[PDB]
């Protein structure tokens, strides 16, 4: 199968076979902008994401296609989604609220208290006095209004990319298991502990993906703007659930007072897992870890307009 090297460690290229499900995500924070019986997934002329999901489902006829949705949909919008599932056998709509994420959760007061103890152990002359005060204010705010506030409940409140970025990582930790948890029947060759290929709805398929070969079975989008490249979470491919790199990102989220689902849960998890230290070469890590496929036209929203920026 081969292997690829980074930072003196050789990682086998593990296969994601052609039955690894694709995952699209659509979190709608104002579903009343859609018809009461319309499919609550944007499908404008500028952002034809529903059509893009349909088309990928038509190309990958044999592949399971998850659509993780969330929002306060009307009963009729949910029936519309159900009608979608019956039009395209391989499309499986999963309601985020139907999934149990508590095994990944942690109380904010415990995160805060853990950081306070470490920082307070440093004497006043060298400690980050500003940060310590910010964490104390955060903890105090939690204890005054919602002492059982946790990572999950806290992100539940923060509508926007921060929240759907957060659940994207948690769903990928479940991997194929999420389809089984959600009770989606007839997912061909889907196995517990199996993986998943997440794609932004503007990542256009133009042909079958076939089998992927990724270093330790993971790869992510690497975006290029001007002359720069950055790790991105617009594509996340894992060959298994609980991928140790995404788990490390969750661990970072569990120890950092202000963990970002993208910066820490994805970029941070990948870099620690592969030991891409601030001393190592970031461009070398990007090339090593990049998700590449000639049959995906990537981040097409940048050609028109973002759906949320």
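Positions refer to the first chain, counted from 1.
Taking the PDB entry as given, 34-42 carries the higher mean Cα B factor of the two stretches 237-245 and 34-42. Note on 65-73 vs 276-284: mean CA B-factor is higher in 276-284. Sorting 221, 161, 168, 107 by the CA temperature factor given in the entry leaves 161 at the top. The residue among 191, 227, 138, 150 whose C-alpha carries the highest B-factor in the deposited model is 191. Ranked by Cα temperature factor within the chain, residue 119 sits in the middle third according to the deposited record. Sorting the modelled residues of the chain by their CA temperature factor places residue 187 in the highest third.
Residue-level temperature factors show residue 21 in the lowest third of its chain, judged at the C-alpha atom. Placement of the Cα temperature factor of residue 207 within the chain: highest third of the modelled residues, per the deposited record. Per the PDB record, residue ranking by Cα B-factor puts residue 129 in the highest third of the chain.
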